[PDB]
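This report refers to the structure that appears directly beneath it.
Cβ atoms come from the backbone with ideal geometry, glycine included; neighbour counts cover every protein chain shown. Every read-out reported here was derived from the displayed coordinates using simple, explicitly stated rules and does not represent laboratory data.
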Amino acid sequence: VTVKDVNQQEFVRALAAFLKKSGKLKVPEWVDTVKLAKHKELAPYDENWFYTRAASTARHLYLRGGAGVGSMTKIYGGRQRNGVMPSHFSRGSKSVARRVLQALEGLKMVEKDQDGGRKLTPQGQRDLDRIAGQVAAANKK
Amino acid sequence: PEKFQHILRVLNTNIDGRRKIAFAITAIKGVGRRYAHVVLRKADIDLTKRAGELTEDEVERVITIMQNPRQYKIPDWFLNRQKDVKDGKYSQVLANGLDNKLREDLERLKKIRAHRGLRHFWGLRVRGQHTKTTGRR
Amino acid sequence: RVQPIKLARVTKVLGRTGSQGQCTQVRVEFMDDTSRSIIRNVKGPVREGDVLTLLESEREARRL
Amino acid sequence: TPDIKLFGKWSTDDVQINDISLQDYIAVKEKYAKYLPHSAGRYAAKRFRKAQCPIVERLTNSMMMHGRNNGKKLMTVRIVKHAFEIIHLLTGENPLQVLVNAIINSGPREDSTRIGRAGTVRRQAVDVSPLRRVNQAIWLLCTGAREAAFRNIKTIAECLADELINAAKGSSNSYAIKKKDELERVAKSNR
Amino acid sequence: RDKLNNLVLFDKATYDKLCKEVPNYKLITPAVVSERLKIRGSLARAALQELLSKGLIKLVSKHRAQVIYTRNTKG
Amino acid sequence: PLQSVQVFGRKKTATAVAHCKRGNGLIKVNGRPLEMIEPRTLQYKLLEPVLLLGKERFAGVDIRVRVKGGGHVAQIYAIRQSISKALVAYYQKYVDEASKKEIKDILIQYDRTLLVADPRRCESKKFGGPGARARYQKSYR
Amino acid sequence: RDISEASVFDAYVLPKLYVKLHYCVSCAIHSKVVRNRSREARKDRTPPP
RNA sequence: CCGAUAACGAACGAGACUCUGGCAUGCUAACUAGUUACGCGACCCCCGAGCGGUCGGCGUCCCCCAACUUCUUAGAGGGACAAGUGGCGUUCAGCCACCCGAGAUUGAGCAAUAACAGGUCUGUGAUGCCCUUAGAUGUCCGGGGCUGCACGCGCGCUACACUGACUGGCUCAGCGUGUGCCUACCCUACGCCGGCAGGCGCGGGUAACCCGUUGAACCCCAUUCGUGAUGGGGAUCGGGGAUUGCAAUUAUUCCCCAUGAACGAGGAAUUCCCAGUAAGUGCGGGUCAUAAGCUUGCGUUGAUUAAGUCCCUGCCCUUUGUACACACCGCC
């Protein structure tokens, strides 16, 4: 039951829980006043993205062998009303995906790969998908 | 579920109790949705509630913070008033205050015979878009 | 007077009259009665084999 | 389900086309009761292949209309495999009977075609190939459920599942069965 | 003409009806409470989870968007 | 020696190459079983081959699909077509033919382009119009 | 065949109207009794079904 | 086209052709594709299953003296040809239905005679004549205008919302495009810094290698909202901050704040089109120092309905009338 075998959207639900119920990661200060990406209209409601997004980011690295900040920005996109203008694609915030990577690095979920870009390290490779067992075997539903 | 407030009056401006708390802060001139959560994030008011609830301490907690923002960690994005010019004050203007400031900077531009002022005086576009076809009222 | 509902499909599609090309003229067996033969103008796309419905079984819709 | 080809959860067997004429044009099941209302589709290529497309999916397509929503069949396929799960709660039995014995008595028996008629345009009574009835019926209830569901928050699944019951029964309480009336009514005035 | 302004929070007498009246429907949703009763609809949204205190009403299937929400489960 | 039949089915530009090995055989797209993918309203859509022929019919057949190109929905009649085609080439090449024909019947009595490639592909745009056919509105006095 | 059923009598030939229509050329052409032919054709006076 | 046939047999246009678009487990192959699946030899962490054997699976360790073309690519090929059968048809020319299957039509370019004061002298070092010719209409610097605004029309976009709005998340390309270019100049991977614009670090790239499994939007899925001109909408201005540019005043472009409009489906009209079609939807290209609401391509999501008629508009032939031949927008 790898990250794929678990129905991937109720993965990060529990992986967000993991890193909350650990009580360590390194939550910071641009936090309560963050846009998330110039992309968006409005600061996000669940006051706790980066436990749930570092979840995403970290599992994402599981699926993909290497990923830069430039990559993370790319992936969390959207359309962007410039208003009466047509919608276009704007990269996500770097700062936040970066500090997500650097923070995952603190727990040592991840590491900097060779040839540039972050990938996840064996230790983290665990915490990630350990709970995959726990999410499949939470219950069949 | 407590219907007692039946609307509220805040900061010299009429406000609606029924509307959600983040939304309610929005109405006052000088605010907007952006800054109006951030006030309710530092203040630590639970955002899942209506402006026709809360206590007098909560609503003052809003005003103390929103009227004096920088001191409660609110950075300098969410100051609409950035390097004012009449002293290098950089704070957040609210209420009629902005209408006052607004007018004063129109007055200032006008008084210094400069273009942008003339353009308000006449009633035109300031921002050089073409008014051949739009701006018809 | 007389008010039944009779369903019949003309054995052969015949033409596609009407001003704008609407009505496909049809020769329709009564269905309720084998013997009866009627000519009517239909609006929907028909063919050889398909049942259709007329309010009055008399009008025998003529050249239009 | 290898025993018999059902429909997410649903019986398509024990379903009968309750008025001959529409039979052979309503393709609820040749033997072919499709499970889903998404399908590759190419029933718009030739002319009378259009009927052989299942009345259910044929309704999803007829539902993903209107300017801001064209080609969102993923979307509306919910609505319709979402609507039927309401009907069976109210009526019981296959709500496919409620769909099929809607379209039959949602759509008329005959219609009012416009001839040129010199200048004053006296429409003529003509019967129809089960098509202008079938189709008009189909929007009229789509359009009906649609129009009812701007400014109430009514679920299109709910709003449609009104109409399909209100037209399955000659209930005179929908949008489809309220115009199925008039086209006949206009025709009667003509003759 | 269609103007429909309703109180955000149910009055106690009204709540009893929701406690009372909600048992007397089948095809329920945030709609069917906010049109029959005069509840906002976000507090209906809310009320419908409150009314799962011990499934006074029954969930057929919560679709991401629409709750889709049945009679009590009598027989 | 087991089976090793690879077969592709396409839709638009969604090449989906399935492949059937002999085993226990519980089937998966890229690296995740059929229960997910999660356009989801569809789902039965890609289960169809299973549900038609029998859960028994892949009970000695590990199938692994891979999908690139095309798009969200397309990728599914692509993978549907592939695990019906592949499964067809299975019972043909080494196993039998009668069951190949009982399969090919069970499928092609309702196609949904199961073994038949949809011959269609998109038209090009022509100058003086937003799409292929439609045209920039005519000014006119 | 409506009338041949309802007939009190048996068989029955039914009558015929013998109208001598009789058009001015204007209405003959307008209402498509004759038409308007080629120079060689104008002459060919036969009456051909 | 056949046939009736004072005609018979020919030529240009149509057609044939080219490009294109789709069937080709048929061939030739391909470290500048893919690879594929192996063989799986592994690392390998419980990434996950499993007591453990064993397995499901991304990633890699690859390389390769595997092996191969299953998809990728692009060469040779084949095929599809009203080809079969049943209607209909002067039982010809064909048309219609069905079989096998792409059913005879996937979409452009090319496009005759002959025209038209159509447009173009401002695409042409193509240019007739004419002007003008130093105070120069020769070429420029600086600025300005080409953007100006009581009104009028023309192509666009965004809305009017809850099949939707903003709040989590998952996750599917294609055609291109790129430096290092005729005179000074890109494509960009990955580090820090910053909210962001961006900034500051450093890396590959005559490219199928680097950007780049081009990691998208609708779309899809996760919560708010509750039909309020509201959270739609999102104009007009207040204020900051970046970037391009020697310089943006005449908001350059972008970001960050802040204000926060009309529009709740549009009066008289009228264009667009039939299958992967309309629509939405981004994305490339072109335009570019700076940069597009422009076009031209590209997928992607993908409908409804006509499958016929000449009822309006306009086109073809035939016969006919015609005082029209500047041709009815005529003549009188």
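Once every Cα of the protein assembly as shown carries one equal point scatterer and solvent is ignored, give the base-10 log of I(q)/I(0) from the Debye formula at q = 0.07, 0.09 Å⁻¹, two decimals.
Here log10 of I(q) over I(0) equals -0.82, -1.20.
How large, in Å, is chain C by the Kirkwood hydrodynamic radius built from its alpha-carbon pairs?
Its Kirkwood hydrodynamic radius stands at 11.9 Å.
Would you please classify the overall shape of the range D:85-164 from the alpha carbon gyration tensor, given that a ≥ b ≥ c denote the square roots of the eigenvalues, rounded means a/c under 1.5, and beyond that prolate means a/b larger than b/c while oblate covers the rest?
oblate
For chain A, divide the Cα radius of gyration by the Kirkwood radius and give the resulting Rg/Rh value with two decimals.
Rg divided by Rh gives 0.99.
When you count, for each residue, the other Cβ atoms within 10 Å and take the mean per peptide, how do D:97-107, B:104-114 rank with the highest first?
Values: D:97-107: 24.3, B:104-114: 12.9.
Peptide ranking by packing, descending: D:97-107, B:104-114.
Could you please tell me the mean projected area of the C-alpha convex hull for chain E, averaged over all directions and given in square nanometres to one decimal? Write out the running numbers ahead of the final one.
On the way: hull surface 21.8 nm².
Projected area, direction-averaged: 5.5 nm².
Going by C-beta contacts inside 10 Å, put D:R117, C:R9 in order with the fewest on the left. Walk me through the numbers on the way to the answer.
Working: D:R117 12, C:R9 21.
Listed from fewest to most nearby Cβ atoms, that is D:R117, C:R9.
Once phi is turned into θ = phi - 60°, what whole-Hz ³J(HN,Hα) does the Karplus curve with 6.51, -1.76 and 1.60 give for every residue of the range F:89-106, x standing for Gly and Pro?
With coefficients 6.51, -1.76 and 1.60, one gets 5, 4, 5, 5, 4, 10, 6, 8, 9, 2, 6, 3, 6, 5, 5, 3, 4, 3 Hz.
Report, in degrees rounded to the nearest 10, the 0 to 90 angle that the Cα long axis of helix D:176-190 makes with the longest principal axis of chain D.
Once rounded, one gets 20 degrees.
Just to verify a number: FRET efficiency for F:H72 and F:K21, C-beta to C-beta distance, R0 = 35 Å, to 0.05?
Working from the Cβ atoms, E equals 0.80.
Which of F:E35, A:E111, A:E29 comes first, and how do the rest follow, when ranked by fewest Cβ neighbours within 10 Å?
Lowest to highest Cβ neighbour count: A:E29, F:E35, A:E111.
Could you work out the mean count of beta carbons from other protein chains within 10 Å of each residue's beta carbon in E:24-32?
Across the residues of E:24-32, the mean count of other-chain Cβ atoms within 10 Å is 4.
How far apart, in nanometres, would the label points at D:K188 and F:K93 be if each is projected 7 angstrom from Cα along the Cα-to-Cβ direction?
6.9
Given the C-alpha atoms of chain D, compute the convex hull and give its volume per residue in Å³.
On the way: hull volume 27.8 nm³, N = 191.
Looking at chain D, the number lands at 145 Å³ per residue.
Using alpha carbons only, how many degrees (0 to 90, rounded to 10) separate the axis of helix B:96-111 from the longest principal axis of chain B?
10
Okay, helix-only estimate at 222 nm for the protein assembly as shown: each DSSP H run of n ≥ 4 adds -39500 (n - 2.57), divide by all residues, round to 500 deg cm²/dmol; what do you get?
Details: 24 runs with 272 residues, N = 798.
Result for the protein assembly as shown, helices only: -10500 deg cm²/dmol.
I need two numbers for chain F: Rg to one decimal and Dmax as a whole number, Cα atoms only, in Å.
Final numbers for Rg and Dmax: 18.6, 78 Å.
Rounded to whole Å and sorted largest first, what semi-axes of the equivalent ellipsoid does the C-alpha gyration tensor of chain B yield via the square root of 5 times each eigenvalue? Please list the in-between numbers first.
Working: eigenvalues 244, 71, 31 Å².
Gyration-tensor ellipsoid for chain B: 35, 19, 12 Å.
Report the Cα centroid-to-centroid distance between the range D:52-74 and the range F:112-141 in angstrom, as an integer.
The distance from the Cα centre of the range D:52-74 to that of the range F:112-141 comes to 19 Å.
Between the alpha-carbon centers of the range A:1-50 and the range E:1-67, tell me the distance in whole angstrom.
31
Mind listing the long-range amide H neighbours of F:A18? Cut-off is under 5 Å, sequence gap 5 or more, other chains count too, H placed in the peptide plane at 1.01 Å from N.
Under 5 Å from the amide H of F:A18 lie the amide H atoms of F:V7, F:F8, F:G9, F:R66, each far enough along the sequence or on another chain.
Using a 10 angstrom cutoff on alpha carbons, build the Gaussian network for chain B and name the most mobile of B:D99, B:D87, B:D16.
So, out of B:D99, B:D87, B:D16, the one fluctuating most is B:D87.
Can you sort A:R53, E:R1, B:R127 so the residue with the fewest Cβ neighbours within 10 Å comes first?
E:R1, B:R127, A:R53
Taking the highest mean first, how do the peptides F:51-62, C:42-53 order by number of other beta carbon atoms within 10 angstrom per residue?
In descending order of packing, they fall as C:42-53, F:51-62.
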